[PDB]
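target-v8.txt (compact mmCIF, C-alpha atoms and all ligand atoms)
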# COMPACT_ATOMS: atom_id res chain seq x y z
CA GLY A 58 0.00 0.00 0.00
CA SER A 59 1.52 3.25 -1.22
CA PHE A 60 -1.47 5.53 -0.43
CA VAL A 61 -2.02 5.16 3.33
CA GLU A 62 -3.50 8.71 3.72
CA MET A 63 -6.37 7.70 1.39
CA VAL A 64 -6.93 4.08 2.46
CA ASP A 65 -10.20 3.64 4.45
CA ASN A 66 -11.45 7.16 3.61
CA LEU A 67 -14.98 6.00 2.56
CA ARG A 68 -18.09 5.27 4.65
CA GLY A 69 -21.60 4.12 3.70
CA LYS A 70 -23.22 1.15 2.04
CA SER A 71 -24.75 0.00 -1.24
CA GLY A 72 -28.33 0.98 -0.38
CA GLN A 73 -27.50 4.59 0.60
CA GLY A 74 -24.22 5.41 -1.12
CA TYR A 75 -20.49 5.52 -0.32
CA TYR A 76 -19.15 8.93 0.62
CA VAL A 77 -15.92 10.78 1.25
CA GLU A 78 -15.27 13.83 3.41
CA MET A 79 -14.53 17.06 1.53
CA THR A 80 -14.19 20.73 2.45
CA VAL A 81 -15.56 23.71 0.49
CA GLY A 82 -14.87 27.43 0.96
CA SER A 83 -12.71 29.64 3.18
CA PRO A 84 -12.65 28.98 6.09
CA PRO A 85 -13.25 25.30 5.06
CA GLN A 86 -16.80 23.90 5.50
CA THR A 87 -16.72 20.12 6.03
CA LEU A 88 -19.29 18.05 4.05
CA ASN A 89 -19.78 14.31 3.35
CA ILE A 90 -20.03 13.71 -0.38
CA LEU A 91 -21.36 10.77 -2.40
CA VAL A 92 -18.72 9.17 -4.65
CA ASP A 93 -20.57 9.03 -7.98
CA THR A 94 -19.00 7.59 -11.16
CA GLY A 95 -22.42 7.86 -12.93
CA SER A 96 -22.68 11.69 -13.09
CA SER A 97 -20.38 14.67 -13.71
CA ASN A 98 -21.41 17.56 -11.39
CA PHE A 99 -20.10 18.44 -7.95
CA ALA A 100 -23.50 19.35 -6.45
CA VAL A 101 -23.94 20.13 -2.73
CA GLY A 102 -26.89 20.94 -0.45
CA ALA A 103 -26.79 24.74 0.00
CA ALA A 104 -30.10 25.35 1.77
CA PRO A 105 -32.06 23.72 4.67
CA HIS A 106 -33.55 20.29 3.89
CA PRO A 107 -35.26 17.84 6.31
CA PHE A 108 -32.55 15.17 5.62
CA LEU A 109 -29.53 17.53 5.95
CA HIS A 110 -27.95 18.40 9.29
CA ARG A 111 -25.46 20.68 7.45
CA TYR A 112 -25.06 22.40 4.09
CA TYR A 113 -22.78 24.75 2.15
CA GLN A 114 -23.18 28.39 3.25
CA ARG A 115 -21.82 30.51 0.39
CA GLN A 116 -22.17 33.80 2.37
CA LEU A 117 -19.58 32.42 4.90
CA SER A 118 -16.96 31.69 2.25
CA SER A 119 -14.59 34.54 1.28
CA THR A 120 -13.48 32.50 -1.81
CA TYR A 121 -17.00 31.91 -3.13
CA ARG A 122 -17.53 33.13 -6.72
CA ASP A 123 -21.02 33.41 -8.16
CA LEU A 124 -21.29 32.23 -11.80
CA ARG A 125 -24.82 33.93 -12.09
CA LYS A 126 -26.32 30.86 -13.68
CA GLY A 127 -28.96 28.35 -12.63
CA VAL A 128 -28.96 24.60 -13.20
CA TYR A 129 -32.02 22.35 -13.36
CA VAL A 130 -31.53 18.57 -13.24
CA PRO A 131 -34.83 16.63 -13.47
CA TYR A 132 -34.85 12.83 -13.60
CA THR A 133 -37.40 9.96 -13.30
CA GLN A 134 -36.95 9.57 -9.49
CA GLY A 135 -36.99 13.31 -8.80
CA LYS A 136 -34.75 16.33 -9.32
CA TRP A 137 -32.20 18.77 -8.09
CA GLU A 138 -31.92 22.46 -8.86
CA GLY A 139 -29.40 25.08 -7.90
CA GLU A 140 -27.01 27.92 -8.54
CA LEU A 141 -23.61 27.61 -10.20
CA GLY A 142 -20.43 29.02 -8.66
CA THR A 143 -16.80 28.16 -7.87
CA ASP A 144 -14.85 27.82 -4.60
CA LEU A 145 -11.76 26.23 -3.09
CA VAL A 146 -12.24 22.49 -2.50
CA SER A 147 -10.07 19.92 -0.64
CA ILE A 148 -10.31 16.25 0.32
CA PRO A 149 -8.94 15.87 3.91
CA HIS A 150 -8.11 12.16 3.49
CA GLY A 151 -6.86 12.67 -0.03
CA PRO A 152 -4.14 14.32 -2.09
CA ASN A 153 -2.67 17.24 -0.15
CA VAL A 154 -3.95 19.85 -2.64
CA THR A 155 -6.65 22.56 -2.79
CA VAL A 156 -8.30 23.30 -6.08
CA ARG A 157 -10.70 25.87 -7.49
CA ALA A 158 -13.76 23.88 -8.69
CA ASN A 159 -17.27 24.38 -9.98
CA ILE A 160 -19.92 23.85 -7.31
CA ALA A 161 -23.66 23.58 -7.95
CA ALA A 162 -25.29 24.93 -4.77
CA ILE A 163 -28.49 22.88 -4.43
CA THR A 164 -31.36 25.18 -3.41
CA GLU A 165 -34.29 22.83 -4.20
CA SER A 166 -34.60 19.07 -4.62
CA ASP A 167 -37.14 16.22 -4.82
CA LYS A 168 -36.26 12.63 -3.79
CA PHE A 169 -32.53 13.46 -4.10
CA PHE A 170 -31.17 13.46 -0.53
CA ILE A 171 -31.54 10.23 1.50
CA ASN A 172 -32.65 10.14 5.13
CA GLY A 173 -29.81 8.76 7.29
CA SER A 174 -27.25 8.52 4.39
CA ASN A 175 -24.97 11.01 6.25
CA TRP A 176 -23.98 12.74 2.93
CA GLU A 177 -24.85 16.30 1.88
CA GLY A 178 -23.73 16.39 -1.75
CA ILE A 179 -22.48 14.34 -4.69
CA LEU A 180 -19.12 14.18 -6.45
CA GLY A 181 -19.83 13.41 -10.10
CA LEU A 182 -16.66 11.68 -11.30
CA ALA A 183 -17.67 11.00 -14.91
CA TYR A 184 -16.80 13.16 -17.99
CA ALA A 185 -17.82 16.70 -19.13
CA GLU A 186 -20.07 15.34 -21.93
CA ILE A 187 -22.77 14.53 -19.32
CA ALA A 188 -22.18 17.56 -17.05
CA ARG A 189 -25.18 19.84 -16.49
CA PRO A 190 -26.24 22.28 -17.93
CA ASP A 191 -23.65 21.40 -20.63
CA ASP A 192 -20.06 20.23 -21.27
CA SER A 193 -18.57 23.68 -20.61
CA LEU A 194 -18.98 23.14 -16.82
CA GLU A 195 -15.66 21.53 -16.01
CA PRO A 196 -16.10 18.45 -13.65
CA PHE A 197 -14.17 18.32 -10.35
CA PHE A 198 -11.67 15.63 -11.41
CA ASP A 199 -10.78 17.56 -14.62
CA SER A 200 -10.11 20.65 -12.45
CA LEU A 201 -8.03 18.63 -9.99
CA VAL A 202 -5.81 17.19 -12.75
CA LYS A 203 -5.41 20.50 -14.61
CA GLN A 204 -4.49 22.51 -11.48
CA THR A 205 -2.18 19.98 -9.71
CA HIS A 206 0.35 17.19 -10.39
CA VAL A 207 -2.25 14.52 -9.41
CA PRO A 208 -2.13 11.66 -12.03
CA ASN A 209 -5.31 11.36 -14.18
CA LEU A 210 -6.60 8.21 -12.43
CA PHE A 211 -8.58 7.19 -9.35
CA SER A 212 -9.53 3.82 -7.94
CA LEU A 213 -12.38 2.63 -5.73
CA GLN A 214 -12.66 -0.18 -3.23
CA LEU A 215 -16.31 -0.24 -1.98
CA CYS A 216 -16.69 -2.56 1.03
CA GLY A 217 -20.03 -4.24 1.62
CA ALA A 218 -20.26 -5.50 5.22
CA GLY A 219 -22.10 -8.71 4.26
CA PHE A 220 -24.66 -8.04 7.02
CA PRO A 221 -26.86 -5.05 8.07
CA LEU A 222 -25.18 -2.08 9.78
CA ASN A 223 -27.44 -0.04 12.09
CA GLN A 224 -27.23 3.80 12.22
CA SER A 225 -24.43 3.76 14.83
CA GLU A 226 -22.38 1.02 13.10
CA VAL A 227 -22.56 2.53 9.62
CA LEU A 228 -21.18 5.83 11.05
CA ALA A 229 -18.33 3.99 12.83
CA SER A 230 -17.45 1.46 10.11
CA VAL A 231 -14.89 1.76 7.29
CA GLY A 232 -16.83 1.59 3.99
CA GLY A 233 -13.87 1.45 1.61
CA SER A 234 -11.26 3.57 -0.13
CA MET A 235 -11.05 6.13 -2.86
CA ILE A 236 -7.45 6.42 -4.00
CA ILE A 237 -7.00 9.70 -5.88
CA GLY A 238 -4.08 9.62 -8.34
CA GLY A 239 -3.05 5.99 -7.94
CA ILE A 240 -3.48 2.25 -7.27
CA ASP A 241 -3.00 0.85 -3.78
CA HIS A 242 -1.82 -2.80 -3.86
CA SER A 243 -3.15 -3.61 -0.34
CA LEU A 244 -6.75 -3.26 -1.66
CA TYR A 245 -6.80 -6.23 -4.01
CA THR A 246 -5.44 -9.75 -4.58
CA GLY A 247 -4.35 -11.39 -7.83
CA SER A 248 -4.03 -9.46 -11.07
CA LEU A 249 -5.70 -6.31 -12.43
CA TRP A 250 -7.40 -6.87 -15.82
CA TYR A 251 -8.35 -3.86 -17.98
CA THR A 252 -11.29 -3.19 -20.27
CA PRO A 253 -11.35 -0.17 -22.65
CA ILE A 254 -13.45 2.88 -21.81
CA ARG A 255 -15.56 2.78 -25.04
CA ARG A 256 -16.35 6.51 -24.97
CA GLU A 257 -15.70 9.23 -22.41
CA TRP A 258 -19.11 10.37 -21.14
CA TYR A 259 -20.28 7.80 -18.58
CA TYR A 260 -17.60 5.16 -17.77
CA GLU A 261 -18.89 3.08 -20.70
CA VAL A 262 -17.64 -0.51 -21.23
CA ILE A 263 -18.54 -3.51 -23.44
CA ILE A 264 -19.80 -6.88 -22.03
CA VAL A 265 -19.12 -9.70 -24.54
CA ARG A 266 -20.53 -12.80 -22.78
CA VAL A 267 -22.59 -13.56 -19.68
CA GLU A 268 -22.65 -16.84 -17.71
CA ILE A 269 -24.78 -18.09 -14.80
CA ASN A 270 -22.83 -20.87 -13.01
CA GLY A 271 -20.71 -21.27 -16.18
CA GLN A 272 -23.85 -21.66 -18.38
CA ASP A 273 -23.75 -19.23 -21.29
CA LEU A 274 -26.84 -16.92 -21.32
CA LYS A 275 -26.42 -17.24 -25.12
CA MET A 276 -27.92 -13.89 -26.12
CA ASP A 277 -26.64 -11.76 -29.03
CA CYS A 278 -23.93 -9.76 -27.16
CA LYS A 279 -25.44 -6.46 -28.44
CA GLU A 280 -28.34 -7.17 -26.01
CA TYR A 281 -25.98 -6.93 -23.03
CA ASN A 282 -24.92 -3.37 -24.05
CA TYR A 283 -28.34 -2.08 -25.18
CA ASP A 284 -28.20 0.93 -25.22
CA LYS A 285 -24.96 1.15 -23.20
CA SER A 286 -23.13 -0.56 -20.31
CA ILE A 287 -21.62 1.60 -17.57
CA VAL A 288 -19.73 1.35 -14.21
CA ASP A 289 -21.71 3.40 -11.65
CA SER A 290 -20.79 3.68 -7.90
CA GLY A 291 -23.96 5.86 -7.64
CA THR A 292 -26.37 3.01 -8.52
CA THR A 293 -27.10 0.33 -5.86
CA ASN A 294 -27.98 -2.66 -8.13
CA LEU A 295 -26.63 -4.58 -11.03
CA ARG A 296 -29.14 -3.22 -13.60
CA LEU A 297 -29.70 -5.14 -16.83
CA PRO A 298 -31.57 -4.35 -20.09
CA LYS A 299 -35.17 -5.74 -20.02
CA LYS A 300 -34.51 -8.83 -22.19
CA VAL A 301 -31.18 -9.62 -20.47
CA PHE A 302 -32.89 -9.21 -17.08
CA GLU A 303 -35.67 -11.64 -18.05
CA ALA A 304 -33.13 -14.23 -19.33
CA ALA A 305 -30.76 -13.83 -16.33
CA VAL A 306 -33.66 -14.11 -13.77
CA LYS A 307 -34.97 -17.27 -15.47
CA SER A 308 -31.45 -18.82 -15.35
CA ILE A 309 -30.88 -17.69 -11.68
CA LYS A 310 -34.31 -19.16 -10.70
CA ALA A 311 -33.47 -22.45 -12.49
CA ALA A 312 -30.06 -22.69 -10.69
CA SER A 313 -31.65 -21.92 -7.25
CA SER A 314 -34.77 -24.07 -7.96
CA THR A 315 -34.37 -26.21 -4.81
CA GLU A 316 -36.00 -23.23 -3.00
CA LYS A 317 -38.95 -21.26 -4.34
CA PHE A 318 -39.02 -17.48 -3.84
CA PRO A 319 -42.05 -15.21 -4.29
CA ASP A 320 -42.35 -12.94 -7.33
CA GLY A 321 -41.88 -9.90 -5.07
CA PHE A 322 -38.35 -11.17 -4.22
CA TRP A 323 -37.28 -11.38 -7.90
CA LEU A 324 -38.72 -7.89 -8.49
CA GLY A 325 -36.32 -6.51 -5.82
CA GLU A 326 -39.31 -5.41 -3.72
CA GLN A 327 -39.47 -7.92 -0.91
CA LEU A 328 -36.90 -9.34 1.37
CA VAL A 329 -36.18 -13.02 1.93
CA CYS A 330 -35.06 -14.20 5.39
CA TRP A 331 -33.36 -17.30 6.76
CA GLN A 332 -32.66 -18.38 10.38
CA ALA A 333 -29.39 -16.72 11.59
CA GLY A 334 -26.33 -18.18 9.81
CA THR A 335 -28.31 -20.52 7.49
CA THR A 336 -28.39 -18.41 4.27
CA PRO A 337 -28.12 -21.11 1.55
CA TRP A 338 -25.40 -19.34 -0.49
CA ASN A 339 -24.53 -22.59 -2.32
CA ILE A 340 -27.97 -22.88 -3.99
CA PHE A 341 -27.50 -19.48 -5.74
CA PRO A 342 -25.30 -19.30 -8.83
CA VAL A 343 -22.19 -17.25 -9.50
CA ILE A 344 -22.55 -14.65 -12.30
CA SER A 345 -19.74 -14.02 -14.78
CA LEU A 346 -19.54 -10.93 -16.93
CA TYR A 347 -16.91 -11.11 -19.70
CA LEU A 348 -15.53 -7.71 -20.67
CA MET A 349 -13.63 -6.68 -23.83
CA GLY A 350 -9.86 -6.92 -23.24
CA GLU A 351 -7.13 -4.47 -24.25
CA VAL A 352 -5.73 -7.02 -26.74
CA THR A 353 -7.46 -7.83 -30.07
CA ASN A 354 -9.87 -10.82 -29.79
CA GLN A 355 -9.17 -11.21 -26.07
CA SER A 356 -11.58 -10.87 -23.13
CA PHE A 357 -11.46 -11.48 -19.37
CA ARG A 358 -14.21 -12.21 -16.84
CA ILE A 359 -15.32 -10.91 -13.44
CA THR A 360 -17.31 -13.37 -11.32
CA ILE A 361 -19.64 -12.33 -8.56
CA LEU A 362 -21.25 -14.35 -5.83
CA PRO A 363 -24.73 -14.19 -4.33
CA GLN A 364 -22.91 -12.48 -1.37
CA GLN A 365 -22.65 -9.53 -3.80
CA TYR A 366 -26.06 -9.71 -5.59
CA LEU A 367 -28.14 -10.39 -2.43
CA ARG A 368 -28.11 -7.09 -0.46
CA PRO A 369 -28.25 -7.49 3.36
CA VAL A 370 -31.21 -5.73 4.94
CA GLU A 371 -32.52 -5.55 8.50
CA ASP A 372 -35.69 -7.64 8.97
CA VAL A 373 -39.02 -5.76 9.37
CA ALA A 374 -39.21 -7.30 12.91
CA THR A 375 -35.41 -6.60 13.54
CA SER A 376 -35.43 -10.40 14.28
CA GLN A 377 -32.30 -12.53 14.48
CA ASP A 378 -32.89 -13.73 10.91
CA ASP A 379 -30.40 -12.97 8.07
CA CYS A 380 -32.43 -11.06 5.42
CA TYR A 381 -31.67 -9.79 1.91
CA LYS A 382 -33.12 -8.11 -1.14
CA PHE A 383 -32.38 -9.27 -4.69
CA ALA A 384 -30.02 -6.56 -6.03
CA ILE A 385 -30.40 -7.25 -9.78
CA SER A 386 -33.09 -5.22 -11.53
CA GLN A 387 -34.29 -4.20 -14.97
CA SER A 388 -33.23 -1.14 -16.89
CA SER A 389 -34.56 0.65 -19.99
CA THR A 390 -31.22 2.63 -20.22
CA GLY A 391 -28.66 -0.19 -20.54
CA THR A 392 -26.54 -2.22 -18.14
CA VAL A 393 -25.45 -0.52 -14.91
CA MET A 394 -22.65 -2.22 -12.94
CA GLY A 395 -23.67 -0.66 -9.61
CA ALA A 396 -22.30 -0.72 -6.04
CA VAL A 397 -23.30 -4.36 -5.34
CA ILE A 398 -21.05 -5.44 -8.29
CA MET A 399 -18.28 -2.97 -7.39
CA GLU A 400 -18.24 -4.39 -3.82
CA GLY A 401 -16.65 -7.58 -5.21
CA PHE A 402 -13.77 -5.69 -6.86
CA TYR A 403 -11.08 -3.06 -6.64
CA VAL A 404 -11.97 -0.86 -9.66
CA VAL A 405 -9.35 1.37 -11.33
CA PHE A 406 -10.67 4.33 -13.34
CA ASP A 407 -7.62 4.84 -15.53
CA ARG A 408 -8.69 7.98 -17.36
CA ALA A 409 -5.09 8.62 -18.58
CA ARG A 410 -5.13 5.26 -20.51
CA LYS A 411 -8.89 5.29 -21.27
CA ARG A 412 -9.38 1.95 -19.44
CA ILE A 413 -11.06 0.47 -16.35
CA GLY A 414 -9.25 -2.17 -14.29
CA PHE A 415 -10.84 -4.90 -12.16
CA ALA A 416 -9.17 -7.08 -9.49
CA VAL A 417 -10.68 -9.22 -6.68
CA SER A 418 -11.31 -6.91 -3.69
CA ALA A 419 -9.43 -7.55 -0.43
CA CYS A 420 -12.80 -6.71 1.29
CA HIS A 421 -15.30 -8.77 -0.85
CA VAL A 422 -17.76 -10.94 1.08
CA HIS A 423 -17.49 -14.66 0.35
CA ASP A 424 -17.75 -18.09 1.97
CA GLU A 425 -15.33 -20.99 2.57
CA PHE A 426 -16.23 -22.58 -0.78
CA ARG A 427 -16.37 -19.78 -3.37
CA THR A 428 -14.71 -16.42 -3.95
CA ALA A 429 -15.23 -13.59 -6.43
CA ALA A 430 -12.73 -13.80 -9.34
CA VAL A 431 -11.12 -11.81 -12.17
CA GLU A 432 -9.64 -14.18 -14.76
CA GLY A 433 -8.32 -14.31 -18.27
CA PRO A 434 -7.55 -14.28 -21.08
CA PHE A 435 -10.31 -15.80 -23.21
CA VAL A 436 -10.38 -15.89 -26.99
CA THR A 437 -13.42 -13.79 -28.03
CA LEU A 438 -14.18 -12.75 -31.64
CA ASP A 439 -16.06 -9.74 -33.16
CA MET A 440 -16.23 -7.92 -29.78
CA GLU A 441 -16.67 -4.51 -31.52
CA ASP A 442 -20.06 -5.90 -32.72
CA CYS A 443 -21.19 -6.12 -29.06
CA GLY A 444 -21.28 -2.33 -28.76
CA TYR A 445 -24.57 -0.58 -29.49
CA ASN A 446 -24.95 2.26 -32.06
CA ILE A 447 -28.13 4.45 -32.29
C1 LIG B 1 -24.97 3.43 -4.18
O1 LIG B 1 -25.17 4.80 -4.56
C2 LIG B 1 -26.34 5.40 -4.17
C3 LIG B 1 -27.30 4.86 -3.33
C4 LIG B 1 -28.44 5.60 -3.03
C5 LIG B 1 -28.64 6.85 -3.61
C6 LIG B 1 -27.70 7.38 -4.50
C7 LIG B 1 -27.99 8.62 -5.28
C8 LIG B 1 -28.63 9.71 -4.69
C9 LIG B 1 -28.89 10.85 -5.43
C10 LIG B 1 -28.52 10.91 -6.77
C11 LIG B 1 -27.91 9.82 -7.39
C12 LIG B 1 -27.64 9.81 -8.90
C13 LIG B 1 -27.88 11.16 -9.61
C14 LIG B 1 -26.80 11.98 -9.95
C15 LIG B 1 -27.01 13.20 -10.60
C16 LIG B 1 -28.28 13.61 -10.92
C17 LIG B 1 -29.36 12.81 -10.58
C18 LIG B 1 -29.16 11.60 -9.92
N1 LIG B 1 -26.26 9.31 -9.20
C19 LIG B 1 -26.34 8.21 -9.97
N2 LIG B 1 -25.31 7.53 -10.46
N3 LIG B 1 -27.69 7.78 -10.16
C20 LIG B 1 -28.15 6.59 -10.89
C21 LIG B 1 -28.53 8.68 -9.54
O2 LIG B 1 -29.74 8.58 -9.45
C22 LIG B 1 -27.63 8.69 -6.63
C23 LIG B 1 -26.54 6.66 -4.75
Encoded form using structure tokens:
Amino acid sequence: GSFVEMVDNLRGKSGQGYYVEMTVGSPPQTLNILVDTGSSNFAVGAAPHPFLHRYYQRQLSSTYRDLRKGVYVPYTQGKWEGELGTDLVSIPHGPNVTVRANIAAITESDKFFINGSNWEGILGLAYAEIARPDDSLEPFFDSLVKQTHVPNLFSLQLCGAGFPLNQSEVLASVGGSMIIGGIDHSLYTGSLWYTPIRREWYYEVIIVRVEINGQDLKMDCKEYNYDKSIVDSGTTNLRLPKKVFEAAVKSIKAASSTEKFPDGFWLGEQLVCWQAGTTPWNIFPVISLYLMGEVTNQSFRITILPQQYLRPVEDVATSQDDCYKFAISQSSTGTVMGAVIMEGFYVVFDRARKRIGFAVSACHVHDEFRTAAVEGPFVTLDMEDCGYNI
């Protein structure tokens, strides 16, 4: 481990988000910020909200600069709206630098903040193409790299506990690491395997084959990337395109057929519970996603366990049972490799070399019989055909 100052700098969980401490303004105002590889704005609560116990107070910062421009970000779930500006930003458990960055001061929101998440803003780590209102609003990471000697790369180790964490425990537990400017070898085992970043907007990748317990899902690979496949720390679930979801659920049901689960479970709505310590991990299949390699006609695979795709939840009766929700769901906007998938791996966002690396996480949850894996190479032909084009 060469980045001790940044190791263990994350807190949170897959259901509510993983966050890092940051400071904004002069004198510095401390805020907890969601690490989000699926968006490109640094947007912070800047007005009272029922779920915020603190927020950015621009009038108290001598370095605040008003850009005199509004920003409106509606989405299916809800929305956020605010005022654009710039200020001095630092990451206490990060590189020892202070940068001048764009900040969207959130003045109004609907279903954006989460009750008990302990974060007050989001750090959109993706590219300018998807920044709001447009690509002229330089994202935080672009500012950081341009203004300092920090290498153009970051890596994330998100650590799922493997069991529920109550309010007190989730505040006291280490949720993972965000290594800014490098790769820390203590965070993974085995080798790192890289997949190309297809295009710089979201962290877009190409899935070339899918297996459930080694059984090929056997769909046209374009289906797996319809209309895109992305790596998103800001999404809880593994989200799959409608047809892929239907095929994967049928195969997962068939593999786990010795136990019948209600439809509500497969829809990610209802929990399933087992007597303490008796979760039948072995009946559930492993899932392998093959990703395009850096070498022509070569792929590698990442394999996840049900310990990743079954999200631990506290029982309705706070009983002694071990309960979970199915953390694979359908999408109409392509595949999303969310937090539950990222929890199995140390993920390297190598922006400098336009590639994403995967290695087995030193903190992935497993059992005595199976582990997550990152393996290769595999001979795979016509992988460019797996990518979707509008
Ligand atoms: C595991 O990450 C989590 C868990 C729970 C909530 C959020 C969360 C909360 C608020 C926003 C987001 C968003 C978002 C970002 C910008 C604009 C609109 C939405 N970030 C993201 N990747 N997705 C899918 C969102 O909905 C994500 C993240």
Would you kindly return, as a list in words, each protein, DNA or RNA residue with an atom no farther than 7 Å from any atom of stretch 155-158 of chain A, considering all atoms listed in the file and excluding same-chain residues fewer than 6 positions away?
->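 So the residues in contact are residues 143, 144, 145, 146, 147, 197, 200, 201 and 204 of chain A.
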Please provide as a ChimeraX atom specification all residues within 10 Å of residue A:120, with the sequence filter that same-chain residues fewer than 2 positions apart are discarded (counting all atoms listed in the file).
-> /A:81-85,115-118,122-123,143-145,157
All residues within 10 Å of ligand LIG 1 (chain B) are required, counting only C-alpha atoms and all ligand atoms; please report them as a ChimeraX atom specification.
-> /A:69-76,91-100,129-138,167-171,174,176-183,187-189,215,259,287-294,393,395-397,399
Spatial neighbours of residue A:250, max dist 12 Å, only C-alpha atoms, sep filter under 4 positions, as number ranges by chain = A: 245-246, 347-352, 355-359, 402-407, 412-417, 430-435
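Residue nearest residue A:239, chosen from A:311, A:67, A:213, A:163 and counting all atoms listed in the file: A:213.
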Name the closest residue to residue A:247 among the candidates A:231, A:342, A:437, A:418; distances are taken between atoms, counting all atoms listed in the file.
->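 Looking at the shortest contact to residue A:247, the residue is A:418.
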What is the distance, in Å and to one decimal place, between atom CA of residue A:126 and atom CA of residue A:258?
-> 23.0 Å
